[PDB]
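Read on for two forms of one protein chain; each stands alone as structure tokens, with the labels structure 1 and structure 2.
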Structure 1
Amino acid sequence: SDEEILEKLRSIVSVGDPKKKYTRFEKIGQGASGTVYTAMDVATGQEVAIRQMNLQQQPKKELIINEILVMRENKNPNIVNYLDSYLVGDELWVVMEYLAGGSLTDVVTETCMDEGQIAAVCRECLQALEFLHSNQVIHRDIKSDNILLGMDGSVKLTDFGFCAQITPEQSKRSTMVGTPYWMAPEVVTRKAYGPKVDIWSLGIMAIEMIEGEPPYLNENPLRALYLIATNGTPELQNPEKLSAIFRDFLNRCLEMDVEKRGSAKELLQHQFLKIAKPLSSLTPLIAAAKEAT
């Protein structure tokens, strides 16, 4: 219902008009998902990202409430911090911490990471995923675009628009929600999948970090999932360039058999993560990427 959704958003949000509370607006985005700005918390000096939406033209408002509630109750150092929300008339505002390091996409697209930098990023993501899965949250849309970076090398998952919450009674999902190139084969071949779809996705993201894109990126999306289903574990262009332990880490992420594929908990113990460089090692790639876009 339209009315009920508004009453429910009303209870969630803080009161009043937030344009007093934030000063230096610069639009950095737009679309059906509304408009995104960077701004400064006029009180505390903190730089924030704000999404403004008009509700009279948002299709699936249930997804919006769900996302906010999920951010609120699942805080974690490797998840982009949800700050506050506001509702002025039909205009909903969501305020998030701002991460100046850009997206991983910028990084993989403009720079070449070494194995130690990749291990560090992979470690940080698995920390997020272990926490989420242990709380029965499946992100379902893991990709470099949904990794945000701090200037200090900090690594945070974002965009929980497509996440699933599972339960012991309904602990498996079937909805095809993720971005095609990153989707596990079982999302298309079967109608039952679990949290390990995020691990497959992370594996594809690891491929991004090596080759600069996920496999089949040139192909039409429609055709990607067919290729994913039928090729199974994707091939690297120069596997021999990789360390044996990195290759083994990938094989565990990209295992066709869900049961053999590593869980996050399991993968956090993998020895590949132990060559991780300090997160600050990422700052030169971040700066360079920033300067290239």
Structure 2
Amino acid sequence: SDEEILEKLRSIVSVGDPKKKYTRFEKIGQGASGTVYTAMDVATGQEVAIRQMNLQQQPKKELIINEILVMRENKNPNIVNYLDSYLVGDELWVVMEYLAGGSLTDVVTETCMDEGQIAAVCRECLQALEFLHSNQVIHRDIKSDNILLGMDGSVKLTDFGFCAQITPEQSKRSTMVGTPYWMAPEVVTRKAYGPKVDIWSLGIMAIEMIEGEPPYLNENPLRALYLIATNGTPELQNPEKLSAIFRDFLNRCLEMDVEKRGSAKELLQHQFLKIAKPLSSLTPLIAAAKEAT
């Protein structure tokens, strides 16, 4: 109900107008969900990302409330953290950390990552996953578009618009919210899935990083879930070009048996991650992808 929605967001938001705290407004994206801007926290000089949303046209408001509540309580260095929010009438502003180096998608589509650079990205995402999973939060939409990169090679998870807070009482979910090509097979084959869906999704993202695309990208999304469900563990075009420990890591992420599939905590121990290059090694790939757009 729209009344209680507005009252609940009013309790969550900082009071007043965002232009009182943020100054250098420059539009960068268009909604859809909302007009996205960059700006500066004048006090600190931190560059920020602000989402502007007209609530009367936003279909699922329970989801923004959930997004902010979960993020606010779950701040992490490997997460693009929630900073602040403002409600002016029917107009919601959500202030976020801003990363200038684009998404992992641009890197995987414009450049060619070596295993040491892939190991670094996998480790950072897994640090974020571990933290989330230990706080009972499943992201549910792990894909390269949802990884933002700093100009310094920082790696951060974003878009928590689809996340689930589980409990010891309901530790499993059923809702099909993820992007099809990244979805774990159990999301379609059963009606009970846990945190390890993000692990599966991370494996398909490592495939993106190798091949430039998830498996079945060029299929209709409806047919992809049938293929995931019936083929199980996706095959690599050229497995022999990957080191053995990388293949092993992949097998651990894309394991069909959920119980066998590694948790984030376990995968952080994996020797594949020990070949990680310094994050700064990502900077020329970020620069080239940005240049290429």
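Here, residue number means position along structure 1's sequence, counting from 1. Shifts are known only where both forms have a C-alpha. Just so we're on the same page, rigid core means the largest C-alpha set that superposes within 1.5 Å between forms.
Residue showing a CA shift of 2 Å or more between structure 1 and structure 2 (rigid core superposed; candidates 251, 243, 44, 230): 44. Core-superposed comparison between structure 1 and structure 2: the CA of residue 10 stays below a 2 Å shift. Once the cores line up, the CA of residue 23 ends up 2 angstroms or more apart between structure 1 and structure 2. Here the two forms are laid over each other by their core, and the C-alpha of residue 32 is off by 2.6 Å between structure 1 and structure 2.
The two forms line up on their rigid core, and residue 111 then has its Cα shifted by 0.2 Å between structure 1 and structure 2.
When the core is overlaid, the C-alpha of residue 97 ends up 1.1 Å from its other position between structure 1 and structure 2.
Listed in sequence order, the runs of at least 3 residues with C-alpha movement of 2 Å or more between structure 1 and structure 2, after fitting the core, are 20-26, 40-45.
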